[PDB]
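A.B. asks: Structure incoming, see below.
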Amino acid sequence: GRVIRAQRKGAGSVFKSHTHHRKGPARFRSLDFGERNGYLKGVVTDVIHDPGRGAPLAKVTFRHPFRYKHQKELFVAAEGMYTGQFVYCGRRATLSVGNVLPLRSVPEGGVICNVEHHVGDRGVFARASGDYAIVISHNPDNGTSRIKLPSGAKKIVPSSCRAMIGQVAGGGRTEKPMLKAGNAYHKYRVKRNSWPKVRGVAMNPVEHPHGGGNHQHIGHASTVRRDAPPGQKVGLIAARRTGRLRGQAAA
Amino acid sequence: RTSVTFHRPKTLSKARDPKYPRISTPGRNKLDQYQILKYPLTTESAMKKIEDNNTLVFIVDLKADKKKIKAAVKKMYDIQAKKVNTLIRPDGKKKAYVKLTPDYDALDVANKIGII
Amino acid sequence: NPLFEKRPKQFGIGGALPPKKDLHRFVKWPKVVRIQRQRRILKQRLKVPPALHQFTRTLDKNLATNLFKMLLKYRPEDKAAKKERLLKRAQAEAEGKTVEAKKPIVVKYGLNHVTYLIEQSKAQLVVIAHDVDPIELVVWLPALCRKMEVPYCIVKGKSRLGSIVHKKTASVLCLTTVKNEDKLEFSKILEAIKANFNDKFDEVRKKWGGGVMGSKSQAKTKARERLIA
RNA sequence: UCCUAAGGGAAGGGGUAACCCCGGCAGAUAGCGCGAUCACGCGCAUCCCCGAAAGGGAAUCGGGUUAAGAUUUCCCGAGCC
RNA sequence: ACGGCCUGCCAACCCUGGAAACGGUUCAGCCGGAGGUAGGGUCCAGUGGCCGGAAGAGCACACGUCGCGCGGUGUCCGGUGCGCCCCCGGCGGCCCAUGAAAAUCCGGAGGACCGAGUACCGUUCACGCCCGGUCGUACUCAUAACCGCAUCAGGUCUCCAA
RNA sequence: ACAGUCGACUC
RNA sequence: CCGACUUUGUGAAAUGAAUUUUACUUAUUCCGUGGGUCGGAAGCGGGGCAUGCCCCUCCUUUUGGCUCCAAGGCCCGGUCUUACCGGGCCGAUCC
Ligand SMILES: [Mg+2]
Ligand SMILES: [Mg+2]
Ligand SMILES: [Mg+2]
Ligand SMILES: [Mg+2]
Ligand SMILES: [Mg+2]
Ligand SMILES: [Mg+2]
Ligand SMILES: [Mg+2]
Ligand SMILES: [Mg+2]
Ligand SMILES: [Mg+2]
Ligand SMILES: [Mg+2]
Ligand SMILES: [Mg+2]
Ligand SMILES: [Mg+2]
Ligand SMILES: [Mg+2]
Ligand SMILES: [Mg+2]
Ligand SMILES: [Mg+2]
Ligand SMILES: [Mg+2]
Ligand SMILES: [Mg+2]
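Protein chains in written order, with the entry's author numbering: chain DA, 2 to 252; chain NA, 37 to 152; chain AA, 22 to 250.
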């Protein structure tokens, strides 16, 4: 055979990320003394649309804690933020939509976004458009907390992980039908070369395990094992089940 | 300290003081005036330049520059150039149009060297 | 006077910008400094075996200074003075033809030579530097002097030994004989040094050193044991 | 010519049997800079070079002229950086 | 080209003033007690008007001189438009797409440190002096100068356009 | 709300 | 994918005559900064219903403003010696 598209995507040749107009990494602030042990006042200046990402970005202009200059930080906008708002960072930031607090300071039941995972890695969960994590519970004997991620999973995170209270903006975006291959194309230009996506069944055997045959069919079980060598692991990987999801399994 | 970054200190350096010169003999001037001004081109198209525009057309060493051309046109021929134009003619050598300040007369120089 | 006035800056957590204070704890050093600091830190954490931990037990300052006074009295010969001694015997050979030198008596040094003296038992006092790198060059001189019954001390500073002999290091010294005008001064020091090491080797050959954890780890220790008790 | 984009080459370092391969890995970083020398003080961020005769761009217009050059390259005039 | 003066579009901005009986305005929008209509001002574009450059230039005629002569006259006045090209202004629309970076330049915040008035410290002003280097530059750019073994109905990126 | 001049075009 | 050996040290109990469990930080591995405030002990307030001796605090919540290169205080030390320069500290808790 020959190397298969699922294998060709790891090269970087044409499949790299189309990031010429992206506005930079959207993440929190470098955690420091002031924001360990108090609050810092920063002011939003603009809500800028970040290309290739559904969530708006908020330019936040802090004042540098110990040198004399501004700090243009760049957050993932929580639905509610507006220009001119004061967002406060730290542990004694009041629980206001837009402020970022450690989880030691979010009462249980509260919605948060952009959750860090190792204290100071600047936000990894609940970041895409319109997704949030609920702080289910706390454990102060180990200094940890638990959250319900967007996926429906439940992760124990350090109680000093920061989080932006609220939910990410841009929610409800994936409800609108695109209705056009044109819309799909203009969606994927600014993310990466991953569209149009050709059915394997309409390929020749030399480039896809489903390929060939006087009719179009897979010809063998489309569920492949977890360990199958790269180039064989195409189809439905390590599937626990298939068919339309009914009943409890659809939870 | 004051800053959390250690930048490399300032040390002191001495200038090169060889115990033997690397090149003893003094280098002669090789783009001297006689290489730099080969011979005045004497086509009729240039002969017209001699009398219309008060200019002398030389052929100059290909590694010439306008500053050296004016300097050599002064040392030789004991004149000055108010402006030199240069072009590398397609056959390969460089050709220089040396316009004399209108104090000096191109006819006079052309007959002091013999062109016309 | 009246205009002169006080302007308090409120160096809070959002107040004015703090001044030029000391941040020496946090300065990101070169990798050379960095590694030579975790070097000694890791030698602290790890459990030194007794053979290496017989060091870190040095001569005390007072007896060290008393000893080094005598060592300075018996310094080896200068380059400046070693030309004169060979220059001025020229005449004693040329005219008298007879040598009138008596034995010049000075300290001995150098690891091979001192092991030679020690192993013949001509070494009347041994002084080993604690900080020889690689350590294996003197891991065994304490035991050698101990099992051949020669008084030894593990002094501090191989460079300070080197100064005695005019070298950049010395790493070992030993005395074989002293002037008759200072036997008593000598033998006052030998008994003390013997008492410190040639009396304690047979119980410090068993003690593991090291293991002294960090400051924050010891604070953890005292925090933890209280809440246990 | 200068600047950067997609992107390329590279000093220290890591790999490689070697050719070669990796550039953010963070290393007293390649460059130090700025006032100052009649010297010294201050800062050192995210830190090299290459890459467009269609992207960014210090400044020029008119009238003449040669067999062949120029619209603005020469000539007369008038400017500009 | 360039220099001075004048005008000042469509937007934006300032001052007086206080709007319902609602008004102002667009092809369309839209705007107004967060201050409209109104009166009066500022600024901005200009490839706009006048003057300098500049009629001496260029063209067109008319002569008369042998030989880049010389002489003369003119180089005016309005009106138009769903008109074509280039540009600019400002609206409106589309986006799960929001549509490059840097050099260079300008502006501002702060005010360490500085000086005279028989004289000394500045001055981003006017005028004045000097210098401006290296390489390309002819020609074709096509049913004959490029590629297709050719002076091959093929192919090859553009600007002007009665 | 009338008079003077002008007006390239469309129906 | 998995086991064993290896880098691989430190010490504790429970079962067996080696097994699963644990705790340490220094090897290691991941992460973060322009290596910018760590650990401990102080002190400033506030809860007091054993005056305990423990807890909760670190002089920014505020309206799209600005914040740098310290004012100030005492103590040294030179200087006209009858008028002016260099510094020790505190402000900025100590280890
Ligand atoms: Mg594609
Ligand atoms: Mg599909
Ligand atoms: Mg398909
Ligand atoms: Mg097919
Ligand atoms: Mg196959
Ligand atoms: Mg098939
Ligand atoms: Mg079948
Ligand atoms: Mg040229
Ligand atoms: Mg370049
Ligand atoms: Mg260019
Ligand atoms: Mg260009
Ligand atoms: Mg008005
Ligand atoms: Mg104009
Ligand atoms: Mg628009
Ligand atoms: Mg040309
Ligand atoms: Mg041409
Ligand atoms: Mg060919």
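A virtual CB, placed ideally from N, CA and C, is assigned to each residue, including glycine.
Does DSSP put AA:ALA122 in a helix, in a strand, or in coil?
C.D. replies: It is coil, neither helix nor strand.
A.B. asks: Please check if any C-beta of chain DA sits within less than 8 Å of the C-beta of AA:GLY35.
C.D. replies: Yes - at least one Cβ of chain DA is within 8 Å of the one on AA:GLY35.
A.B. asks: Can you tell which of NA:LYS135, NA:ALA107 and NA:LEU98 has its C-alpha closest to the C-alpha of NA:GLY128?
C.D. replies: Of NA:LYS135, NA:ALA107 and NA:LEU98, the residue nearest in Cα terms is NA:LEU98.
A.B. asks: Ligand 8 and NA:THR122: does any heavy atom of the ligand fall closer than 7 Å to the residue's C-beta?
C.D. replies: Result yes, Cβ under 7 Å from ligand 8.
A.B. asks: Leaving aside the five residues before and after NA:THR78 along the sequence, list all residues of the same chain whose C-beta is less than 7 Å from its C-beta, in chain order.
C.D. replies: Once the five neighbours on either side are set aside, the close Cβ partners of NA:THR78 are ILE151.
A.B. asks: I believe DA:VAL101 touches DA:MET165 by the beta-carbon criterion, under 8 Å. Please report the beta-carbon distance rounded to the nearest angstrom.
C.D. replies: Their Cβ separation, rounded to whole angstroms, is 5 Å, which keeps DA:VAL101 and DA:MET165 in contact under 8 Å.
A.B. asks: Going by DSSP, what residue range makes up the beta strand (DSSP E) through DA:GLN72?
C.D. replies: Note, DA:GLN72: beta strand (DSSP E), 71-77.
A.B. asks: Is the Cβ of AA:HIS134 closer than 8 Å to any Cβ of chain NA?
C.D. replies: Chain NA, which has no Cβ nearer than 8 Å to the Cβ of AA:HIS134, makes this no.
A.B. asks: What span of residues does the alpha helix (DSSP H) with NA:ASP144 cover, start to end?
C.D. replies: Where NA:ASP144 is concerned, the enclosing alpha helix (DSSP H) stretches over 142-149.
A.B. asks: Under a CB-based cut-off of 8 Å, is NA:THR47 close to chain AA?
C.D. replies: With 8 Å as the cut-off, NA:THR47 does not count as an interface residue toward chain AA.
A.B. asks: For a cutoff of 8 Å on Cβ pairs, would you count NA:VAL40 as touching chain AA?
C.D. replies: Yes, NA:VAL40 counts as interfacial toward chain AA.
A.B. asks: Along chain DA, in chain order, which residues have C-beta atoms closer than 8 Å to that of AA:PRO39?
C.D. replies: Those within 8 Å of AA:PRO39 in chain DA are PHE67.
A.B. asks: Going by C-alpha to C-alpha distance, which of AA:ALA37, AA:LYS82, AA:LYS94 and AA:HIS134 sits closest to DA:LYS70?
C.D. replies: Of AA:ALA37, AA:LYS82, AA:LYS94 and AA:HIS134, the residue nearest in Cα terms is AA:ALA37.
A.B. asks: If you drop the 5 nearest sequence neighbours on each side, which residues of the same chain put their C-beta closer than 7 Å to that of AA:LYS143?
C.D. replies: Hits under 7 Å: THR197.
A.B. asks: Is it right to say AA:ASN83 is buried, meaning 16 or more other beta carbons lie within 10 angstroms of its own, or is it exposed?
C.D. replies: Exposed: under 16 other Cβ atoms inside 10 Å.
A.B. asks: Going along chain NA, which residues have a C-beta under 7 Å from AA:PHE47?
C.D. replies: Neighbours of AA:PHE47 on chain NA, chain order: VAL40.
A.B. asks: Go through the segment 173-247 of chain DA residue by residue and report every complete run of the beta strand (DSSP E) that reaches 3 residues or more, in order.
C.D. replies: With a minimum length of 3 residues, no continuous beta strand (DSSP E) run stays inside the segment 173-247 of chain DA.
A.B. asks: Using DSSP with H/G/I as helix, E/B as strand and the rest coil, what is AA:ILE149?
C.D. replies: It is a strand residue.
A.B. asks: Tell me which residues share the same chain as AA:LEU73 and place their Cβ nearer than 7 Å to its Cβ, disregarding the 5 neighbours each side in the sequence.
C.D. replies: For AA:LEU73, where only same-chain residues beyond five positions count, the Cβ hits under 7 Å are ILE156 and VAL160.
A.B. asks: Is any heavy atom in ligand 5 found nearer than 7 Å to the beta carbon of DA:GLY2?
C.D. replies: Under cutoff, so the answer is yes.
A.B. asks: Can you find a heavy atom of ligand 1 that lies under 7 Å from the Cβ of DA:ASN38?
C.D. replies: No - ligand 1 has no heavy atom lying nearer than 7 Å to the Cβ of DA:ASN38.
A.B. asks: Helix or strand or just coil, what does DSSP make of NA:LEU48?
C.D. replies: In the structure shown, NA:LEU48 sits in coil (DSSP, three-state: anything other than H, G, I, E or B).
A.B. asks: Using a Cβ-Cβ cut-off of 7 Å (strictly less than) and excluding sequence neighbours within five positions of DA:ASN194, which residues of its own chain qualify?
C.D. replies: The residues are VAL15 and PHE16.
A.B. asks: Taking the alpha carbon of NA:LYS110 as the point to measure from, which residue in NA:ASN89, NA:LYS46, NA:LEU136 and NA:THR47 has its own alpha carbon closest?
C.D. replies: Checked all of NA:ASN89, NA:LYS46, NA:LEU136 and NA:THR47; the closest Cα to NA:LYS110 is NA:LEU136.
A.B. asks: Considering only heavy atoms of ligand 1, does any lie closer than 7 Å to the CB of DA:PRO197?
C.D. replies: Yes, the beta carbon of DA:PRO197 sits closer than 7 Å to at least one heavy atom of ligand 1.
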